[PDB]
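Q: Sharing a structure, written as structure tokens. Questions coming.
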Amino acid sequence: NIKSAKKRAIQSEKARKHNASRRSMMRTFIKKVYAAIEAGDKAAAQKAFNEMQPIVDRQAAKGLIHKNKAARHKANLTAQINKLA
Amino acid sequence: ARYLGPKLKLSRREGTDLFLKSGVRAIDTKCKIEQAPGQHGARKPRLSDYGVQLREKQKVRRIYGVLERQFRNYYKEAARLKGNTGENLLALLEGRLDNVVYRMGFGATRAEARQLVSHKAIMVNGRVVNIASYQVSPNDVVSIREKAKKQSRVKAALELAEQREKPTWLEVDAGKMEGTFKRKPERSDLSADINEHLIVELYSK
Amino acid sequence: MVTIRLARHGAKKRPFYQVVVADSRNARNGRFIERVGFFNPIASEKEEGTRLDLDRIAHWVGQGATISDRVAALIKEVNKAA
Amino acid sequence: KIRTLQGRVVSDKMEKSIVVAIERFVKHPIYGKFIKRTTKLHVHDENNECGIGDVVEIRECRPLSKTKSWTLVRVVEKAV
RNA sequence: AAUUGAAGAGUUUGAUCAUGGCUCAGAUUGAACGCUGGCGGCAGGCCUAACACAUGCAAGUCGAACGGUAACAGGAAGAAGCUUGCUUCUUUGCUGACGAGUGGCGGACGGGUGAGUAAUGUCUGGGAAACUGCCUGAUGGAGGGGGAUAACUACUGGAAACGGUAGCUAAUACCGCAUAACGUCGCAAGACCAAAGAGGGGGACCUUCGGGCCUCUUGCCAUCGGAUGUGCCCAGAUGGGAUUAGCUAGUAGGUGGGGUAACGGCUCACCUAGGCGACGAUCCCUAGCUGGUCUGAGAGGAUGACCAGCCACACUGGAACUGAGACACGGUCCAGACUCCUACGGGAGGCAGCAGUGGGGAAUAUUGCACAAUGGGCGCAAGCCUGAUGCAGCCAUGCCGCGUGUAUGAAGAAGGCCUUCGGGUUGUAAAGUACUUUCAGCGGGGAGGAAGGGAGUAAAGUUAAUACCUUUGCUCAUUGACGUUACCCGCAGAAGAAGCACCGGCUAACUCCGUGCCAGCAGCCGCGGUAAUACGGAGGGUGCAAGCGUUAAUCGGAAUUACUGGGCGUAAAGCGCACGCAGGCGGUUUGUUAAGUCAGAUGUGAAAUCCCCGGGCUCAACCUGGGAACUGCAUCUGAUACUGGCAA
Ligand SMILES: [Mg+2]
Ligand SMILES: [Mg+2]
Ligand SMILES: [Mg+2]
Ligand SMILES: [Mg+2]
Ligand SMILES: [Mg+2]
Ligand SMILES: [Mg+2]
Ligand SMILES: [Mg+2]
Ligand SMILES: [Mg+2]
Ligand SMILES: [Mg+2]
Ligand SMILES: [Mg+2]
Ligand SMILES: [Mg+2]
Ligand SMILES: [Mg+2]
Ligand SMILES: [Mg+2]
Ligand SMILES: [Mg+2]
Ligand SMILES: [Mg+2]
Ligand SMILES: [Mg+2]
Ligand SMILES: [Mg+2]
Ligand SMILES: [Mg+2]
Ligand SMILES: [Mg+2]
Ligand SMILES: [Mg+2]
Ligand SMILES: [Mg+2]
Ligand SMILES: [Mg+2]
Ligand SMILES: [Mg+2]
Ligand SMILES: [Mg+2]
Ligand SMILES: [Mg+2]
Ligand SMILES: [Mg+2]
Ligand SMILES: [Mg+2]
Ligand SMILES: [Mg+2]
Ligand SMILES: [Mg+2]
Ligand SMILES: [Mg+2]
Ligand SMILES: [Mg+2]
Ligand SMILES: [Mg+2]
């Protein structure tokens, strides 16, 4: 509503889409990992983990997932794979 | 604020002289004191304990020219201040500038002595204080302002001021027209014909 | 950021400030952490008028806090030692 | 330790969902008489052992379950 | 020194004592109304409809992040107005600046209101599993690339709101890439993650004269810290009702995945069959909580405006997005209720911000001034913004101060009133005479709230440096909305300034006349039918006094819910009787326990308030320094008579 930071309304939306995409691309690569794990494949599992690893740490830094969020992922995943993989 | 009506009418009802025409003459008459504050003024008021309790404080009140509001507060204060409520009442009552003005004899009546104050023609430890209830205290020094010094009233005033018992807790001059409040008047100074613990009882229930 | 500033508990036309440490975003005369002085701008020549617990202040300042233009001013006026 | 309570069990019959009573005595804030104000607490015990009617010592921890913020520390007596 | 402080009266009776309710004196109020009304200081001001709202204003700022020029300003090779230095327009962003635009920070603060909430709350006290913008401590970073787009230009659709297409461009927008530990995952080996530049001044040197380069300043990334803020969990306490007694399927717990900043039935799947409740669950009704406020000798009772803290809400219901923080008061989305604009196709908006309006009501203010101060946002700065705030206006709403005059004045006038006609009274009252002039009026003078910032200059911290910057002095010119400021001086004339309730008893204050169970009074008792101190008028008086009364309202007295502090034979009151579960209480001795109980220590109990001693406004209200007090809570250590447990 008429007040300078209508601008902020349009700004927040820029950001909204920005994060929407990566936030998604992130959790896709995250899925990829759980996929192999649910399958049985120990290799593709590590494979997935090593590609999702960077992109988690990565996003965290830029700050749409923030630190400990990443950790857990590496943590749970790691545990998982070498349970029977 | 100020009573403002006939002054003697009071003394007559209160049954005693209140020095409201304080000036020239003495031991009234030239008035009619006593036997008729009004149309049935003669008749004896076989009056209740509430009656007497009422009139004593009323007397003390008609004396210093103070209204209920202030007076009620004076009591409130006395009561707070350590040691005997009834006395502190009187202490406070005397610490009144306008009173300390009249007492030092700069004014015939307490009223006159007050009008004096109201009319920035008086000065505690130097500077002018034009408000009647200004509390005067030990060592304070009140003096008529040069501007209107030795003028009609105050001459006569300081004059019959010696006709009076003349205080004790203070020290006039009459030349420099200044005076020093030496000490908070003791109980034993003043009074006799005023009975505090009645006006205490009054405001005590 | 936490700051030292003049909370104003004066009285119409006769201001008298409580200088205070607080969360800078709080109301002027509101939630504070501790009082660390006072500054009577009427004070007058008489006596008192700018008592100031320098010890705590410059410990908060070191602690991280920051200072009003008008507070620091009272300090390089209070001199500091004499 | 940092503080601790005791109190009889009252219910063992659930997979580590142990519940403990804690009777006190208090001045009635208005009529002086001292009366019994009980407190029940959902306390964790692993490998279920505390038994109905056992006195037991209890300490306060972080939230285990919704309802649980206490663990046991010891036991005291049995066969009531 | 600092809670060292408690009263009773009227009324059942012919009368009495008791029982007992009603009533009164008191204090208090965000008050209203009737009458009246002079000035000031401080304060207070929609208690009702969380009813609905026209209009202005309440959040912006930064050109020292960026492309930039459209405004108005200088200036400029150069084209000239021409009265040869005064200067006109073409233009050029060249720079002082600056609309719009990108960008950063702020729009989560400040301010409003208690609708909801009897517990995602509050208060007291504790705990473990967390994040935390700006500020700050430390230690290193701060490489090298890429693709974009708004603005803009062209065409173009709409009444408007606001758009479509296509180009085109900068950065501190954006994304790779390198780098990668004292960070994250991992027992380890290993694996993996970031960034941004902008400005000030400056010796050679030289440059494509833009700069390199030197130099500081500032911004940027990471890690661990602090500080503040915040999330979470525990226990106790925080209203009423049984004419509500049973409640509960994520319900209670366990295991694993998921999830969150974090612990967690937070979520899920499976397993267990749990969980709550008569010490009051569930259900119903009411409600923001606190510090405190009023009252009371206290204990209590009542209460939660103004000030401060916490919470909750932002047209109603719902949702998330952005972000350090929101599920966002002047942000977005959906639905709804409602209103406004419209060229009829479509658009827009939410005062419980300030002021103001309609409405409701017994009743609650100006569509003001200013950022001068204090404080908040942005900025290197100067500044800009700030209905926060400082102030002004309105209302006797209250509290406090002051005034409306001071003296003098008698056979005491007149008039009124009463009168047994002798006199009495109004009454020193008036008149008269002297006197004073606060306040309001008028005129002159004139504090403080002002610190700081601006130029200079000086010295110092720096560095190639005497630049810059920062620092600290010096001078110089300055900055107040309030404001006809406070306060001071002169001026004139007592001149402009008293009203309201009451007078039978309780209860201070009495007569006449009118009236005649009428008119009328009435807090309670009760007054009125011919002498009415009770009606109404009058004269007199008492009480208050710029207020006075009436009404409303809380506590008081009410020991009239009695814990302090009461009763039940005949006044209200023992269940018609018994048995007995729960519950309460329980003889006597020793040991042990140490929960109650007691002791000490420590932390905590925000400030304000209250109180004590002070200090500051002419006093006072008001402002303020310092104590005292917060009678509470919690941890630890003790003591063991009494109570509780245990044992015999
Ligand atoms: Mg897990
Ligand atoms: Mg008054
Ligand atoms: Mg009778
Ligand atoms: Mg009127
Ligand atoms: Mg601009
Ligand atoms: Mg960036
Ligand atoms: Mg990398
Ligand atoms: Mg880069
Ligand atoms: Mg789990
Ligand atoms: Mg409510
Ligand atoms: Mg009492
Ligand atoms: Mg307010
Ligand atoms: Mg909502
Ligand atoms: Mg987020
Ligand atoms: Mg609004
Ligand atoms: Mg408003
Ligand atoms: Mg109306
Ligand atoms: Mg305001
Ligand atoms: Mg006559
Ligand atoms: Mg005047
Ligand atoms: Mg000044
Ligand atoms: Mg000065
Ligand atoms: Mg009487
Ligand atoms: Mg009457
Ligand atoms: Mg008659
Ligand atoms: Mg009582
Ligand atoms: Mg009784
Ligand atoms: Mg009976
Ligand atoms: Mg019986
Ligand atoms: Mg306190
Ligand atoms: Mg004083
Ligand atoms: Mg025993």
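Starting from 1 in every chain, residues are counted up; chains themselves are A, B, ... following the order of the structure tokens, and ligands are numbered from 1 as listed.
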May I ask you to write as JSON, numbers by chain all residues lying at most 9 Å from ligand 9, with only C-alpha atoms (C1' of nucleotides) and all ligand atoms counted?
A: {"E": [255, 256, 257, 258]}
Q: For ligand 32, collect every residue having any atom at a distance of at most 10 Å from a ligand atom (counting only C-alpha atoms (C1' of nucleotides) and all ligand atoms); output as a PDB file with C-alpha atoms (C1' of nucleotides), in the first residue's frame.
A:
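Generated output (pocket16.pdb):
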```pdb
ATOM      1  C1'   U E 592      16.609 -44.349  62.753  1.00  0.00           C
ATOM      2  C1'   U E 593      14.825 -40.709  58.935  1.00  0.00           C
ATOM      3  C1'   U E 640      16.089 -33.108  65.598  1.00  0.00           C
ATOM      4  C1'   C E 642       7.463 -31.159  67.973  1.00  0.00           C
ATOM      5  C1'   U E 643       4.853 -33.291  63.307  1.00  0.00           C
ATOM      6  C1'   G E 644       5.425 -36.759  59.097  1.00  0.00           C
ATOM      7  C1'   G E 645       7.940 -41.549  57.234  1.00  0.00           C
ATOM      8  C1'   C E 646      10.453 -46.160  58.825  1.00  0.00           C
TER       9        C E 646
END
```
Q: Tell me which of C:63, C:50, C:40, C:4 sits closest to residue 22 (chain C), counting only C-alpha atoms.
A: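 Closest residue, counting only C-alpha atoms: C:4.
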Q: Got a sec: who's within 9 Å of residue 540 (chain E), counting only C-alpha atoms (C1' of nucleotides), leaving out chain neighbours fewer than 4 positions off, as a PyMOL selection string?
A: (chain B and resi 38-40) or (chain E and resi 417+425-426+510-511)
Q: What are the DSSP strand (DSSP E) residues of chain C, as a list in words?
A: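 These are the residues in question: residues 2, 3, 4, 5, 6, 7, 8, 17, 18, 19, 20, 21, 22, 23, 34, 35, 66 and 67 of chain C.
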Q: May I have the residues within 9 Å of ligand 8, computed using only C-alpha atoms (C1' of nucleotides) and all ligand atoms, as an MDAnalysis selection string?
A: chainID E and resid 143:145 195:196
Q: Kindly save the residues from that selection, with N, CA and C atoms (P, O5', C5', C4', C3', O3' and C1' of nucleotides) included, as a PDB file, in the first residue's frame.
A:
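Below is the file out_17.pdb, written as the result:
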```
ATOM      1  P     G E 143      40.898  -9.677  -3.780  1.00  0.00           P
ATOM      2  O5'   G E 143      41.306 -11.031  -4.517  1.00  0.00           O
ATOM      3  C5'   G E 143      42.504 -11.103  -5.274  1.00  0.00           C
ATOM      4  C4'   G E 143      42.757 -12.491  -5.807  1.00  0.00           C
ATOM      5  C3'   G E 143      42.280 -12.754  -7.227  1.00  0.00           C
ATOM      6  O3'   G E 143      43.171 -12.256  -8.210  1.00  0.00           O
ATOM      7  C1'   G E 143      41.605 -14.534  -5.835  1.00  0.00           C
ATOM      8  P     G E 144      42.724 -11.048  -9.178  1.00  0.00           P
ATOM      9  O5'   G E 144      42.216 -11.790 -10.491  1.00  0.00           O
ATOM     10  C5'   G E 144      42.912 -12.915 -11.005  1.00  0.00           C
ATOM     11  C4'   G E 144      41.964 -14.010 -11.424  1.00  0.00           C
ATOM     12  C3'   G E 144      40.865 -13.607 -12.395  1.00  0.00           C
ATOM     13  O3'   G E 144      41.299 -13.511 -13.738  1.00  0.00           O
ATOM     14  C1'   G E 144      39.921 -14.868 -10.649  1.00  0.00           C
ATOM     15  P     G E 145      40.474 -12.596 -14.768  1.00  0.00           P
ATOM     16  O5'   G E 145      38.965 -13.020 -14.490  1.00  0.00           O
ATOM     17  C5'   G E 145      37.963 -12.866 -15.482  1.00  0.00           C
ATOM     18  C4'   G E 145      37.141 -14.122 -15.617  1.00  0.00           C
ATOM     19  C3'   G E 145      35.733 -13.934 -16.161  1.00  0.00           C
ATOM     20  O3'   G E 145      35.688 -13.860 -17.575  1.00  0.00           O
ATOM     21  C1'   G E 145      35.633 -15.219 -14.191  1.00  0.00           C
ATOM     22  P     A E 195      30.365 -16.364  -2.482  1.00  0.00           P
ATOM     23  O5'   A E 195      31.117 -15.032  -2.043  1.00  0.00           O
ATOM     24  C5'   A E 195      30.385 -13.902  -1.602  1.00  0.00           C
ATOM     25  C4'   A E 195      31.291 -12.856  -1.012  1.00  0.00           C
ATOM     26  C3'   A E 195      32.135 -12.079  -2.009  1.00  0.00           C
ATOM     27  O3'   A E 195      31.412 -11.012  -2.600  1.00  0.00           O
ATOM     28  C1'   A E 195      33.492 -12.801  -0.201  1.00  0.00           C
ATOM     29  P     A E 196      31.601 -10.637  -4.151  1.00  0.00           P
ATOM     30  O5'   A E 196      31.468  -9.050  -4.168  1.00  0.00           O
ATOM     31  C5'   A E 196      32.090  -8.265  -5.181  1.00  0.00           C
ATOM     32  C4'   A E 196      33.056  -7.268  -4.586  1.00  0.00           C
ATOM     33  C3'   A E 196      34.132  -7.880  -3.703  1.00  0.00           C
ATOM     34  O3'   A E 196      35.293  -7.047  -3.725  1.00  0.00           O
ATOM     35  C1'   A E 196      32.754  -6.495  -2.387  1.00  0.00           C
TER      36        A E 196
END
```
Q: Between D:47, D:17, D:39, D:67, which has the minimum distance to chain E (counting only C-alpha atoms (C1' of nucleotides))?
A: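 With only C-alpha atoms (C1' of nucleotides) as the atom set, the closest residue is D:17.
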Q: Compute the set of protein, DNA and RNA residues whose minimum atom distance to ligand 3 is at most 10 Å, using only C-alpha atoms (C1' of nucleotides) and all ligand atoms, and state it as number ranges by chain.
A: E: 12-15
Q: Can you tell me which residues sit at most 9 Å away from ligand 28, counting only C-alpha atoms (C1' of nucleotides) and all ligand atoms, written as a VMD selection string?
A: chain E and resid 568 570 to 573
Q: Write out the residues from the selection above, keeping C-alpha atoms (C1' of nucleotides), as a PDB file, in the first residue's frame.
A:
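Output contents, as saved in part.pdb:
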```pdb
ATOM      1  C1'   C E 568     -26.179 -23.093  66.494  1.00  0.00           C
ATOM      2  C1'   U E 570     -35.626 -21.030  73.934  1.00  0.00           C
ATOM      3  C1'   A E 571     -33.397 -15.382  68.774  1.00  0.00           C
ATOM      4  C1'   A E 572     -30.850 -17.620  61.967  1.00  0.00           C
ATOM      5  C1'   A E 573     -28.514 -22.423  62.951  1.00  0.00           C
TER       6        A E 573
END
```
Q: Write down, as a tab-separated table (two decimals) with C-alpha atoms, in the first residue's frame, each residue of chain A that has any atom within 12 Å of an atom of chain E, counting only C-alpha atoms (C1' of nucleotides).
A:
```
chain	number	residue	atom	x	y	z
A	1	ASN	CA	0.00	0.00	0.00
A	2	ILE	CA	1.23	3.42	-1.12
A	3	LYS	CA	4.37	3.82	1.00
A	4	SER	CA	7.93	3.75	-0.43
A	5	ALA	CA	8.55	0.10	0.42
A	6	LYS	CA	5.95	-1.19	-1.96
A	7	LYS	CA	9.41	-1.63	-3.39
A	8	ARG	CA	10.16	-4.10	-0.61
A	9	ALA	CA	7.09	-6.09	-1.65
A	10	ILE	CA	8.59	-6.49	-5.13
A	11	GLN	CA	12.06	-7.11	-3.68
A	12	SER	CA	10.88	-9.87	-1.35
A	13	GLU	CA	9.33	-11.55	-4.40
A	14	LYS	CA	12.60	-11.50	-6.35
A	15	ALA	CA	14.19	-13.25	-3.40
A	16	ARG	CA	11.18	-15.53	-3.06
A	17	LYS	CA	11.73	-17.04	-6.52
A	18	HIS	CA	15.50	-17.05	-6.17
A	19	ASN	CA	15.39	-19.22	-3.05
A	20	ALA	CA	12.45	-21.25	-4.36
A	22	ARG	CA	17.77	-23.55	-5.31
A	34	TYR	CA	17.64	-41.38	-0.09
A	38	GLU	CA	16.03	-47.19	-0.17
A	46	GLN	CA	27.97	-42.42	-1.73
A	47	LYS	CA	27.83	-40.99	-5.25
A	49	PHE	CA	26.07	-37.96	-1.01
A	50	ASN	CA	29.27	-36.53	-2.49
A	51	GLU	CA	27.38	-34.33	-4.95
A	52	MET	CA	24.75	-33.23	-2.42
A	53	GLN	CA	27.46	-32.61	0.16
A	54	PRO	CA	28.90	-29.55	-1.59
A	55	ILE	CA	25.50	-28.08	-2.46
A	56	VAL	CA	24.31	-28.28	1.15
A	57	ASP	CA	27.40	-26.73	2.74
A	58	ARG	CA	27.13	-24.35	-0.18
A	59	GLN	CA	23.58	-23.08	0.27
A	60	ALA	CA	24.12	-22.87	4.03
A	61	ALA	CA	26.90	-20.32	3.57
A	62	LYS	CA	24.84	-18.10	1.28
A	63	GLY	CA	22.17	-18.59	3.93
A	64	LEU	CA	18.85	-20.09	2.89
A	65	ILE	CA	19.38	-23.20	4.98
A	66	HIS	CA	21.79	-22.01	7.69
A	67	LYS	CA	24.53	-24.26	9.15
A	68	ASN	CA	23.13	-26.99	11.43
A	69	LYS	CA	20.51	-27.74	8.81
A	70	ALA	CA	23.26	-28.99	6.50
A	71	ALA	CA	25.03	-30.95	9.24
A	72	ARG	CA	22.05	-33.14	10.07
A	73	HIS	CA	21.73	-34.11	6.41
A	74	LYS	CA	25.33	-35.27	6.09
A	75	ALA	CA	24.82	-36.88	9.50
A	76	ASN	CA	21.61	-38.86	8.90
A	77	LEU	CA	22.65	-39.83	5.39
A	78	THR	CA	26.12	-40.97	6.44
A	79	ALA	CA	24.66	-43.10	9.23
A	80	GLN	CA	22.14	-44.59	6.83
A	82	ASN	CA	26.84	-47.62	6.07
```
